[PDB]
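Asker: Can you keep this structure in mind? I'll have questions shortly.
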Amino acid sequence: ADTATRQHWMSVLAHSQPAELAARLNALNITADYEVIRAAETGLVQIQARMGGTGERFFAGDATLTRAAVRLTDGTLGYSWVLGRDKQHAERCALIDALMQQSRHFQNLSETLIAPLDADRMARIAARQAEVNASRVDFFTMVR
Amino acid sequence: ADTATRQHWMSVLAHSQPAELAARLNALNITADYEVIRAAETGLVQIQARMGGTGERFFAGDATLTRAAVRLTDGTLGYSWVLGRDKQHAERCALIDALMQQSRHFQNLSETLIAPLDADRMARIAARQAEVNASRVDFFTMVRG
Amino acid sequence: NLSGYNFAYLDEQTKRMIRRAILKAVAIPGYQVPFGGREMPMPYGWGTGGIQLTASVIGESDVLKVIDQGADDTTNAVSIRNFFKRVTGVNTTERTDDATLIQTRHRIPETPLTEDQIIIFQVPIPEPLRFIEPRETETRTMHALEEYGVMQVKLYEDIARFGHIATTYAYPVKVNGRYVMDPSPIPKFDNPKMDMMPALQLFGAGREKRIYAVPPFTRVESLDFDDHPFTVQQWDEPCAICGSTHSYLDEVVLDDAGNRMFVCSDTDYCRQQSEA
Amino acid sequence: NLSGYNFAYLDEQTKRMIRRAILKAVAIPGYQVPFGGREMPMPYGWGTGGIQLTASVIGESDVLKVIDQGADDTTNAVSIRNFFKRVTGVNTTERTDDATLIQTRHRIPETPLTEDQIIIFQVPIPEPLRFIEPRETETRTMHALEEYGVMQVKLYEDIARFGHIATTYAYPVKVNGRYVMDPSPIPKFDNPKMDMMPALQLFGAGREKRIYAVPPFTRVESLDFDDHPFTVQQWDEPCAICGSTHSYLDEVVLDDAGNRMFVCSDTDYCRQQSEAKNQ
Amino acid sequence: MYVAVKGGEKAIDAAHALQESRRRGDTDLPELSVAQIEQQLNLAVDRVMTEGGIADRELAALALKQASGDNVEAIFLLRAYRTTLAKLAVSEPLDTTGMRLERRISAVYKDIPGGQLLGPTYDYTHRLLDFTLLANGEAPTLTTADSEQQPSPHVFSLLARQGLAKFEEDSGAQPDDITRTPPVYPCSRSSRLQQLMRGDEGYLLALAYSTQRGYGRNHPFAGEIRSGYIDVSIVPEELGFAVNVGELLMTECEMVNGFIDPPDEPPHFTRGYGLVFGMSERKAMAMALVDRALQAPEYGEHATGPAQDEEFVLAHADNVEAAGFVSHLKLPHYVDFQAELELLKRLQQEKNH
Amino acid sequence: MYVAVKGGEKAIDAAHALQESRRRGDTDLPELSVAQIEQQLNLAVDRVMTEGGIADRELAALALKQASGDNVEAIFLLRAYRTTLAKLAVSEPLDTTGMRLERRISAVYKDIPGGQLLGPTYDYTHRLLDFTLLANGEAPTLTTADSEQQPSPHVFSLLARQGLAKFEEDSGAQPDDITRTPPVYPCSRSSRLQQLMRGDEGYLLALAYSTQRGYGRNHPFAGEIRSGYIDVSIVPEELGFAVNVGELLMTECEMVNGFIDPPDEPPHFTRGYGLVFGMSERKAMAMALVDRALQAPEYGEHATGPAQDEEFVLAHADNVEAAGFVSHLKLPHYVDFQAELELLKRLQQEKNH
Amino acid sequence: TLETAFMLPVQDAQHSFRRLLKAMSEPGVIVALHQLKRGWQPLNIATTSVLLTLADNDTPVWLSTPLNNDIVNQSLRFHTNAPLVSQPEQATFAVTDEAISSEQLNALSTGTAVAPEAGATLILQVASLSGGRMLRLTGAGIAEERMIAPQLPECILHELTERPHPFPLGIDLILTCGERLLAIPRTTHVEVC
Ligand SMILES: O=P(O)(O)OC[C@H]1O[C@@H]2OP(=O)(O)O[C@@H]2[C@@H]1O
Ligand SMILES: [Zn+2]
Ligand SMILES: [Zn+2]
Ligand SMILES: [Zn+2]
Ligand SMILES: [Zn+2]
């Protein structure tokens, strides 16, 4: 069932900020010899939407998507797909994807890299939700 | 001070940039006492344009117009209407108009205030026109395709 | 390489697809090979099919020669040359002799095309019989059926309607003895030049997205009748600059009252003659 | 009490023109009087016509009541009332019977209006025939000649298709036995309140540049057929708050399951019924 | 029992606070100035000046900054500000023949008096994003030529003196003012032009493009595009003579739109006119094309396409009205929708059960 | 049509230099960066992203900067830049039920499960020009509330569970892609929606306004407006499982339109749909309204307004095509006009000797 | 010299318009305009208030010869800037006294069927708002019935009772007596009892 965990940490990497991810990865002081089998390339991802939110598919434009791939010494392949055009960010995400598949870095990086990034993103999301919910319109309230 | 001369110096004042007018007037240091008949008021001027440039009139929108009127101790009324909203500029233009209506300041300001401002505007026009002419073109077409 | 852009301004997927289509077209001379690229907006009308081919086949070491109606001074030709200088950085020349890639609109250069050269023609319409057959379903199959007599109808009736063959532009040809192709609206004067040319000719239509190529030393013959052989009217007027009347002459307008003059369309050959 | 702007935010020429328009409208009950409407701080289609009418009419001694959807707590009503407070500094009330000027969007107060009260309506489409005939160049002549048969044809077609008249709000009325007038986008439930009312009714279409009015004690008759009379909205439930059964109710979906509660649109009347025991 | 409570004002105030926070954006960046928008986003400023109705670059830039770049919102801000100000005067009709030309081109004549002048333009440029603009830089030093400007009479003056066109002669008629009175269709050409100058540029551009379908490949020609400074002057009553109050950068397009043969008159080229503030060349050309299309009733033509339908074009041309009346659907409508719901429930309960 | 022109290289380069120097404006002011434009002029970037077709904030801001604030030129730049990019993947269909809401409103009910979340919006602001923006200041502090999002089911789900409307079911049909094959009319609804999302905002706004005023009325109700972040997901070939690549800020509009009486089904409401990048919602509302208008063949209702005309609406909504058409008319057509001159002159001689 | 205007032009004009609107929407009701303390003689208080609160550049004003004084014209075109016409048919606000004639009354503008509001308003100054013929009023603005006995000229009484101009055409009449004002719109049914 490692697919779900790999999806989780890949999404945490992609949704991260290049500044946050770069700073944390530099702080970790963790690096293993890797080769970029796929150079970080920024192209398009076609946006697919649904009529009425649930109906037939239609095309709703394109977004910028960057992808990179890195092979570690032992042959583990790490991939990345991040919206935008930050190729160094994509390379870092691919490197972390490769590292997280090694038993030496899985738990360590989950405790030190992925979980903290997810927590920071959740914290800022909650703050934004508070600011937004300040704008809610109240009509009725239960009274005992 | 004929009507043409008053029109000339009023146009020169209006086209003068507010900063240059203020700086040159302060450098002149020829300051007198005057009573603001009409406090500098900013409103709108309705723009009349012509169909094809020469036909019947229509209204091509509006532009901001700041008007001011001034009076001197000797009863000379000065005025200014300038595009924009700079009230201080409008009242200053009215002041200079009032001052130049009288021979005390007329010749002096015409020789050392209005003429330098007009010359500066002409120099700016000439520089811009030269750099624009740098893009003058002469296209030659070809028949068929 | 222009910053933020791919080399030759095209994504590598469109390049690869157009390259595959070009190879198929070369293997099938005269056949309008379809390719399924995307829609690309361009300011100048010329380029929907020619700029794509040039971007697909242009390299860093190529020397590019952009031609509009034979001329290099044309505004569109200069714009396309500058565009390829920006997005590829290639060298550009005013001489057909020193050029390795010649992108042209509706004109073959007067100078003979030598080996190791590719000439690219913008094709507004890649199938000549679009003026007769509205539905394309029969158009594709009739090529295999070889039913090329239908396009002979316009040639037959041109003399009836005018007394002479006036189809001096986009005159249909039969290449390799098999495939009826319609080049760009090049003049009848240049149609002979396509017969067994040393260079590789590429034809690309963008609004229809069809590519066809003429391999070097490929037999292409004008379509006509034995009783009315394909002939090019000789020019009895000289060029106002160099005088020589051995080259197709275009018209340049000098005033607003209709005054004009004839000058060699291929400005490169015109300069070669003038400097002689 | 103005913060730079003229009283009621409008210059005297604009208010004088609007006042002449109002007088003409009162003199021609039901007819749409064009006026030189100006662009207001509220976007067109958000009540600019009603705002301009109130600005022309309102005085320092007036108590303004602004309700949208029957409530003073609506966002648009809050904004309009706050704007008028900034530019006029007048008294503002939520009780209809205590108000002098009442500006409403899509609701006639449940409480009957008294003699000296002026109620001002916000109208998106002043023309009752606009949907049958989009062009004003035709509806102006249709009103000039009194060729209202097309509205009756529309009602007939609704009856034929559905067996019921399809129009539910903005239900066209006949005013003073002459003019087919479009009311505000009020529910047809409120249509009977316009008949022989003792209050002056003003209708401002700011985006469409039209003003019309119904004088006090003026005949107002919703259109209908003899065999298909005029009927009003009715709910099988009373109000979930005050237990009322004669007030225009509205749905408030509570949860995703599908549990509903019907409560009065006219919140002032709802409060009156709640404080005075329950219905 | 769900007692009603008040949360409306505290809702809108919080919403506006969030909107202003979004406007300011990230605080680590300097807040862009109104002057920067005026000097560098000059085409947005030109559009806002043209559609908002006030030729005041600083006001248009302020409206753009306050609208978070939303051009429609800035246009409506300037239009609402128009009501604040008082009409101090009315200028003399503008004289576009005395323009100080930033740009002057013609697509019909090569040798026009005064010479062709491409000026500042995006024409002939490659639509390649300049990624060097992602960082600081400076534009190239400007080339210079002769500093003198020759007289530049209108191209249509030449066309009229050649009998191919009709000179537009003022008859002294008083222009219509839609800002004073509501439009009354059919409209005079002055009213149509005034409305068009306020019309949304996308809508007018689409209408002009649709007018192409009416005819074949014989498109109109830009008889003359002329962008430059026009002197604005007024005749104040305190003086009685004309006073030069300033100058405005304006673009004037005269489109040659083909020739017609009026009865008992020699055929001549019909013309379309467009006048915009700033260098809004595309808007001016669209205005000229739509003006020519709306000239149908006076040429005895039949409306073939919406672009030639006067009421449809003019009633919806105004950006402020369309934007307001489309956005107003965000207003609550549960009273009206409840009336719809009741009818549909009754219809459902009778159609089936 | 196409007139070959020679001899303008120097003048064209000088004109481009002039245009770039004017875009930079007065060098005393700082250079308007791209991060500033995307943060502080966010609504212009929203429109340019939606119409151009690339949901990249920085690219749209760069295109706006290059175009000197012109939205049509910026859209052209972004649309052209889209050609140099490789299509790396196709996302999973967006699930707007998972949207992280910045704003959510419903005009069909007074209150709904989730609440009327105004969020950032200029609605209810008094459009009085704010002159304090002529100088620097400080953005207002944001009041905070419960940092939670309540279940916000789509209002159309509520309406459909009552039988008053129909769920939009997925038939599995492959969406049409105009970005690969030019549209052929009549075009499926997916192609229509794709073209509507790319249409000029100011033209679809006017078409929607026309429908509102009675030119093809559809009795619209803003059933729901949502603005928030939606996760984008792909299924790479290298892997086999869906990965999440980021989130996009988008606005979705679901219109409740007039009900119909199907021959063998209970009466129910119809519905339009709109979906745009960013928080520019009037574009989404106009998209929904024009979508419902163009659904006329689906519902078998004959068109009575221009907005119900599919060819008219869709063939001219593209900014790039109309802008290119208008720009062509500027190009030197000296020869073509000379042909017209001769044609006109003969008519003058024949009808006037 | 020129006659003065409202002491508080904004507030006084608002109050005068509200009184006039009360009178117009409820025909037969007498209202007092106590905001201007001295009318422009021959013009009384109510007529002067009406002119000051409704007249401006857009509305031509015709003054009957008995009321067509010089100082009144000066003050009217100075305070309101309203055009002063010489014929009744060119007027938006016609002003007259008991000496009105049938020709003048019929010359006024009744509007058009498509633009009924493009007509004229007759500001009539009467000897008294009581003591004349007893008149019964029914229509919009009147709950059941109203009784008023203004001293009207025979021509104006005929106009009111017979309405030669069908609705929506017609002139809205404003009877004025000193500070008191009564209004009869074109939609009011008047009989002489
Ligand atoms: O044109 P305006 O400014 O006078 O707007 C009047 C009315 O038009 C819109 O439609 P609505 O009735 O739903 O509510 C809005 C508004 O109250
Ligand atoms: Zn030669
Ligand atoms: Zn209740
Ligand atoms: Zn509505
Ligand atoms: Zn052309």
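Every chain in the structure tokens takes a letter, A first, then B, and so on in the order presented; its residues are numbered from 1, and the ligands are numbered from 1 following the presented order.
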Apply DSSP to the structure's backbone, then extract all residues of segment 79-109 of chain F labelled strand (DSSP E or B) and return them as a list in words.
Answerer: residues 87, 88, 89, 90, 100, 101, 102, 103, 104 and 105 of chain F
Asker: Can you write out the residues you just picked, keeping N, CA and C atoms, as a PDB file, in the first residue's frame?
Answerer:
ATOM      1  N   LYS F  87       2.800  19.809 -24.601  1.00  0.00           N
ATOM      2  CA  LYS F  87       1.688  19.282 -23.813  1.00  0.00           C
ATOM      3  C   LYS F  87       2.177  18.068 -23.036  1.00  0.00           C
ATOM      4  N   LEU F  88       2.481  18.266 -21.752  1.00  0.00           N
ATOM      5  CA  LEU F  88       3.095  17.206 -20.961  1.00  0.00           C
ATOM      6  C   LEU F  88       2.078  16.212 -20.419  1.00  0.00           C
ATOM      7  N   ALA F  89       0.826  16.623 -20.237  1.00  0.00           N
ATOM      8  CA  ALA F  89      -0.179  15.731 -19.673  1.00  0.00           C
ATOM      9  C   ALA F  89      -1.551  16.370 -19.820  1.00  0.00           C
ATOM     10  N   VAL F  90      -2.577  15.571 -19.534  1.00  0.00           N
ATOM     11  CA  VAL F  90      -3.955  16.031 -19.430  1.00  0.00           C
ATOM     12  C   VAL F  90      -4.437  15.705 -18.025  1.00  0.00           C
ATOM     13  N   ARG F 100     -11.329  24.631  -2.443  1.00  0.00           N
ATOM     14  CA  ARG F 100     -11.082  25.336  -1.189  1.00  0.00           C
ATOM     15  C   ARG F 100     -11.602  26.759  -1.352  1.00  0.00           C
ATOM     16  N   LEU F 101     -12.748  27.044  -0.741  1.00  0.00           N
ATOM     17  CA  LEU F 101     -13.519  28.229  -1.086  1.00  0.00           C
ATOM     18  C   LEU F 101     -12.901  29.491  -0.499  1.00  0.00           C
ATOM     19  N   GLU F 102     -12.606  30.452  -1.372  1.00  0.00           N
ATOM     20  CA  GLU F 102     -12.368  31.828  -0.962  1.00  0.00           C
ATOM     21  C   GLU F 102     -13.642  32.655  -0.975  1.00  0.00           C
ATOM     22  N   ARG F 103     -14.645  32.232  -1.740  1.00  0.00           N
ATOM     23  CA  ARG F 103     -15.901  32.958  -1.838  1.00  0.00           C
ATOM     24  C   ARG F 103     -16.977  32.004  -2.333  1.00  0.00           C
ATOM     25  N   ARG F 104     -18.192  32.154  -1.814  1.00  0.00           N
ATOM     26  CA  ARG F 104     -19.298  31.295  -2.236  1.00  0.00           C
ATOM     27  C   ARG F 104     -20.610  31.986  -1.907  1.00  0.00           C
ATOM     28  N   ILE F 105     -21.457  32.180  -2.918  1.00  0.00           N
ATOM     29  CA  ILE F 105     -22.744  32.840  -2.741  1.00  0.00           C
ATOM     30  C   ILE F 105     -23.810  32.113  -3.549  1.00  0.00           C
TER      31      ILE F 105
END
Asker: Listing only residues of chain E within 6 Å of chain F, what is the closest atom pair and its distance in Å (to one decimal) for each, using only C-alpha atoms, sorted by chain and residue number ascending, as a Markdown table?
Answerer:
| residue | atom | partner | partner_atom | distance |
| --- | --- | --- | --- | --- |
| E:15 | CA | F:120 | CA | 4.9 |
| E:18 | CA | F:120 | CA | 4.8 |
| E:19 | CA | F:120 | CA | 4.2 |
| E:21 | CA | F:139 | CA | 5.5 |
| E:23 | CA | F:40 | CA | 5.2 |
| E:24 | CA | F:40 | CA | 5.6 |
| E:25 | CA | F:39 | CA | 4.7 |
| E:34 | CA | F:134 | CA | 5.8 |
| E:39 | CA | F:25 | CA | 4.8 |
| E:40 | CA | F:23 | CA | 5.0 |
| E:41 | CA | F:69 | CA | 4.3 |
| E:42 | CA | F:68 | CA | 5.8 |
| E:43 | CA | F:70 | CA | 5.3 |
| E:44 | CA | F:69 | CA | 4.8 |
| E:68 | CA | F:41 | CA | 4.3 |
| E:69 | CA | F:41 | CA | 4.2 |
| E:70 | CA | F:43 | CA | 5.1 |
| E:77 | CA | F:127 | CA | 5.5 |
| E:107 | CA | F:332 | CA | 4.3 |
| E:108 | CA | F:334 | CA | 4.9 |
| E:109 | CA | F:334 | CA | 5.6 |
| E:118 | CA | F:15 | CA | 6.0 |
| E:119 | CA | F:15 | CA | 5.2 |
| E:120 | CA | F:19 | CA | 4.2 |
| E:121 | CA | F:19 | CA | 5.4 |
| E:127 | CA | F:77 | CA | 5.1 |
| E:139 | CA | F:21 | CA | 5.3 |
| E:202 | CA | F:202 | CA | 5.1 |
| E:203 | CA | F:203 | CA | 4.0 |
| E:206 | CA | F:316 | CA | 5.4 |
| E:209 | CA | F:322 | CA | 5.4 |
| E:221 | CA | F:329 | CA | 5.2 |
| E:222 | CA | F:330 | CA | 5.3 |
| E:266 | CA | F:348 | CA | 5.7 |
| E:267 | CA | F:348 | CA | 5.9 |
| E:316 | CA | F:206 | CA | 5.5 |
| E:322 | CA | F:209 | CA | 5.2 |
| E:327 | CA | F:282 | CA | 5.9 |
| E:329 | CA | F:222 | CA | 5.5 |
| E:330 | CA | F:107 | CA | 5.9 |
| E:332 | CA | F:107 | CA | 4.2 |
| E:333 | CA | F:107 | CA | 5.1 |
| E:334 | CA | F:108 | CA | 4.6 |
| E:337 | CA | F:108 | CA | 5.6 |
| E:348 | CA | F:266 | CA | 5.7 |
Asker: Generate a file of the selected residues that holds C-alpha atoms, formatted as an mmCIF file, in the first residue's frame.
Answerer:
data_model
loop_
_atom_site.group_PDB
_atom_site.id
_atom_site.type_symbol
_atom_site.label_atom_id
_atom_site.label_comp_id
_atom_site.auth_asym_id
_atom_site.auth_seq_id
_atom_site.Cartn_x
_atom_site.Cartn_y
_atom_site.Cartn_z
ATOM 1 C CA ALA E 15 -15.564 41.255 2.419
ATOM 2 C CA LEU E 18 -10.467 41.057 2.194
ATOM 3 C CA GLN E 19 -10.783 42.725 -1.209
ATOM 4 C CA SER E 21 -5.995 43.023 1.260
ATOM 5 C CA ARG E 23 -5.540 44.489 -3.894
ATOM 6 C CA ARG E 24 -2.423 45.289 -1.871
ATOM 7 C CA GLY E 25 -1.186 41.776 -2.567
ATOM 8 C CA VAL E 34 -0.486 55.607 -9.840
ATOM 9 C CA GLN E 39 3.535 55.901 -17.529
ATOM 10 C CA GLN E 40 3.961 52.158 -18.188
ATOM 11 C CA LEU E 41 0.414 50.765 -18.326
ATOM 12 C CA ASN E 42 -0.449 53.619 -20.662
ATOM 13 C CA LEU E 43 -2.736 51.637 -22.983
ATOM 14 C CA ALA E 44 -4.894 50.446 -20.090
ATOM 15 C CA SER E 68 -7.045 45.742 -9.014
ATOM 16 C CA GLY E 69 -6.495 46.067 -12.755
ATOM 17 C CA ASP E 70 -10.138 45.308 -13.564
ATOM 18 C CA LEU E 77 -15.201 54.225 -11.023
ATOM 19 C CA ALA E 107 -3.221 52.482 -45.976
ATOM 20 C CA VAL E 108 -4.602 54.073 -49.166
ATOM 21 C CA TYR E 109 -1.936 56.592 -50.242
ATOM 22 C CA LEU E 118 4.873 54.839 -37.942
ATOM 23 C CA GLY E 119 5.529 56.375 -34.531
ATOM 24 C CA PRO E 120 5.291 54.185 -31.430
ATOM 25 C CA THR E 121 3.417 51.036 -32.401
ATOM 26 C CA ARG E 127 4.494 38.319 -30.460
ATOM 27 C CA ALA E 139 14.925 50.611 -23.265
ATOM 28 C CA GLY E 202 -14.052 44.183 -27.002
ATOM 29 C CA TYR E 203 -17.729 44.372 -27.941
ATOM 30 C CA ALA E 206 -16.246 41.931 -32.246
ATOM 31 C CA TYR E 209 -15.074 41.895 -37.121
ATOM 32 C CA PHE E 221 -8.898 50.525 -45.620
ATOM 33 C CA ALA E 222 -7.555 52.686 -42.815
ATOM 34 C CA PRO E 266 -22.079 60.866 -57.968
ATOM 35 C CA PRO E 267 -20.764 57.785 -56.152
ATOM 36 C CA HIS E 316 -25.564 47.085 -24.857
ATOM 37 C CA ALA E 322 -23.820 45.537 -19.025
ATOM 38 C CA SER E 327 -23.190 41.202 -11.864
ATOM 39 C CA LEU E 329 -27.483 38.398 -10.360
ATOM 40 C CA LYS E 330 -25.180 38.035 -7.348
ATOM 41 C CA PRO E 332 -30.223 37.934 -3.457
ATOM 42 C CA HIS E 333 -33.274 36.867 -5.452
ATOM 43 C CA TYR E 334 -34.840 34.303 -3.117
ATOM 44 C CA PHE E 337 -37.015 32.447 -6.887
ATOM 45 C CA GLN E 348 -44.909 19.155 -10.838
#
Asker: Can you tell me which residues come within 7 Å of ligand 1 when counting only C-alpha atoms and all ligand atoms, ideally as a VMD selection string?
Answerer: (chain D and resid 43 to 50 105 to 106 122 to 124 184 to 185 204 to 208) or (chain E and resid 325 328 to 329 331 333)
Asker: Would you name the residues within 12 Å of ligand 3, counting only C-alpha atoms and all ligand atoms, and put them as a ChimeraX atom specification?
Answerer: /D:70-71,110,237-251,261-279 /E:1-4
Asker: Need the shell around segment 17-31 of chain A: protein/DNA/RNA residues with any atom at most 10 Å away, counting only C-alpha atoms. Skip same-chain ones fewer than 5 positions apart. Format as number ranges by chain?
Answerer: A: 12, 86-90, 92-93, 95-96, 99, 105, 109, 112-114, 116-117, 120-121
Asker: At a cut-off of 10 Å, using only C-alpha atoms, what residues contact residue 192 of chain C? Leave out same-chain residues fewer than 6 positions from it and give the result as a list in words.
Answerer: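 With the cut-off at 10 Å, the set is residues 173, 220, 221, 222, 230, 231 and 232 of chain C.
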Asker: Between A:94, A:83, A:37, A:119, which residue has the minimum interatomic distance to chain F, considering only C-alpha atoms?
Answerer: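 The shortest atom-to-atom distance to chain F comes from A:83.
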Asker: Report as a PDB file with N, CA, C and O atoms, in the first residue's frame the set of chain G residues whose atoms approach chain D to within 6 Å, with distances computed over only C-alpha atoms.
Answerer:
ATOM      1  N   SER G  25     -50.279  64.366  -6.109  1.00  0.00           N
ATOM      2  CA  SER G  25     -50.678  62.967  -6.008  1.00  0.00           C
ATOM      3  C   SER G  25     -52.029  62.792  -5.335  1.00  0.00           C
ATOM      4  O   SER G  25     -52.628  61.717  -5.447  1.00  0.00           O
ATOM      5  N   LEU G  54     -38.698  74.175  -9.504  1.00  0.00           N
ATOM      6  CA  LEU G  54     -38.831  73.346 -10.697  1.00  0.00           C
ATOM      7  C   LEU G  54     -38.208  73.935 -11.952  1.00  0.00           C
ATOM      8  O   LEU G  54     -37.836  73.170 -12.844  1.00  0.00           O
ATOM      9  N   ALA G 113     -48.841  61.536 -27.486  1.00  0.00           N
ATOM     10  CA  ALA G 113     -49.247  60.217 -27.020  1.00  0.00           C
ATOM     11  C   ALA G 113     -48.044  59.356 -26.664  1.00  0.00           C
ATOM     12  O   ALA G 113     -48.119  58.534 -25.746  1.00  0.00           O
ATOM     13  N   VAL G 114     -46.931  59.528 -27.373  1.00  0.00           N
ATOM     14  CA  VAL G 114     -45.731  58.755 -27.079  1.00  0.00           C
ATOM     15  C   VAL G 114     -44.881  59.424 -26.002  1.00  0.00           C
ATOM     16  O   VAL G 114     -44.156  58.738 -25.274  1.00  0.00           O
ATOM     17  N   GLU G 117     -45.295  63.478 -21.225  1.00  0.00           N
ATOM     18  CA  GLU G 117     -44.664  64.366 -20.259  1.00  0.00           C
ATOM     19  C   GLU G 117     -43.979  65.555 -20.916  1.00  0.00           C
ATOM     20  O   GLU G 117     -43.459  66.419 -20.203  1.00  0.00           O
ATOM     21  N   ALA G 140     -57.580  59.227  -9.374  1.00  0.00           N
ATOM     22  CA  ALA G 140     -56.372  58.856  -8.651  1.00  0.00           C
ATOM     23  C   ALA G 140     -55.980  59.958  -7.678  1.00  0.00           C
ATOM     24  O   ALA G 140     -56.029  61.146  -8.005  1.00  0.00           O
ATOM     25  N   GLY G 141     -55.585  59.555  -6.472  1.00  0.00           N
ATOM     26  CA  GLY G 141     -55.286  60.482  -5.407  1.00  0.00           C
ATOM     27  C   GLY G 141     -56.466  60.824  -4.525  1.00  0.00           C
ATOM     28  O   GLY G 141     -56.269  61.364  -3.431  1.00  0.00           O
ATOM     29  N   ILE G 142     -57.682  60.519  -4.966  1.00  0.00           N
ATOM     30  CA  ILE G 142     -58.901  60.786  -4.213  1.00  0.00           C
ATOM     31  C   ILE G 142     -59.472  59.446  -3.779  1.00  0.00           C
ATOM     32  O   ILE G 142     -59.821  58.610  -4.622  1.00  0.00           O
ATOM     33  N   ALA G 143     -59.563  59.237  -2.464  1.00  0.00           N
ATOM     34  CA  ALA G 143     -60.051  57.964  -1.944  1.00  0.00           C
ATOM     35  C   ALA G 143     -61.438  57.649  -2.488  1.00  0.00           C
ATOM     36  O   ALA G 143     -61.625  56.682  -3.234  1.00  0.00           O
ATOM     37  N   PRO G 185     -54.022  67.325 -11.569  1.00  0.00           N
ATOM     38  CA  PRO G 185     -53.393  66.705 -12.740  1.00  0.00           C
ATOM     39  C   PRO G 185     -54.412  66.435 -13.837  1.00  0.00           C
ATOM     40  O   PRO G 185     -55.622  66.581 -13.663  1.00  0.00           O
TER      41      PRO G 185
END
Asker: Report as JSON, numbers by chain: the residues of segment 28-273 of chain D with a DSSP assignment of alpha helix (DSSP H), based on the backbone of this structure.
Answerer: {"D": [48, 49, 50, 51, 52, 53, 54, 55, 56, 57, 75, 76, 77, 78, 79, 80, 81, 82, 83, 84, 85, 86, 87, 88, 136, 137, 138, 139, 140, 141, 142, 143, 144, 145, 149, 150, 151, 152, 153, 154, 155, 156, 157, 158, 159, 160, 161, 162, 267, 268, 269, 270, 271, 272, 273]}
Asker: Within 12 Å of ligand 2, which residues show up when you count only C-alpha atoms and all ligand atoms? List them as a ChimeraX atom specification, please.
Answerer: /C:70-71,110,237-252,261-276
Asker: Taking only C-alpha atoms and all ligand atoms into account, name the residue in E:48, E:217, E:235, E:226 that is nearest to ligand 5.
Answerer: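 Looking only at the distances to ligand 5, the closest residue turns out to be E:217.
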Asker: Compare D:258, D:4, D:192, D:177 by their minimum atom-to-atom distance to chain F, counting only C-alpha atoms, and give me the closest one.
Answerer: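 Nearest candidate to chain F out of D:258, D:4, D:192, D:177: D:258.
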Asker: Quick one: residues within 7 Å of residue 185 of chain C, only C-alpha atoms counted, chain neighbours fewer than 6 positions away excluded, as a PyMOL selection string?
Answerer: chain C and resi 106+169-170
Asker: Quick one: which residues from chain A are at most 6 Å off chain E, using only C-alpha atoms, as a ChimeraX atom specification?
Answerer: /A:135-142
Asker: Go ahead and write the residues just picked, C-alpha atoms, as a PDB file, in the first residue's frame.
Answerer:
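See selection_7.pdb below for the written result:
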ATOM      1  CA  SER A 135     -16.803  37.473   5.660  1.00  0.00           C
ATOM      2  CA  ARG A 136     -19.638  34.989   6.238  1.00  0.00           C
ATOM      3  CA  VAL A 137     -23.205  36.321   6.351  1.00  0.00           C
ATOM      4  CA  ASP A 138     -25.180  35.085   9.362  1.00  0.00           C
ATOM      5  CA  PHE A 139     -28.979  34.876   9.209  1.00  0.00           C
ATOM      6  CA  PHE A 140     -30.297  32.460  11.862  1.00  0.00           C
ATOM      7  CA  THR A 141     -28.905  30.954  15.058  1.00  0.00           C
ATOM      8  CA  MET A 142     -30.163  28.195  17.330  1.00  0.00           C
TER       9      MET A 142
END
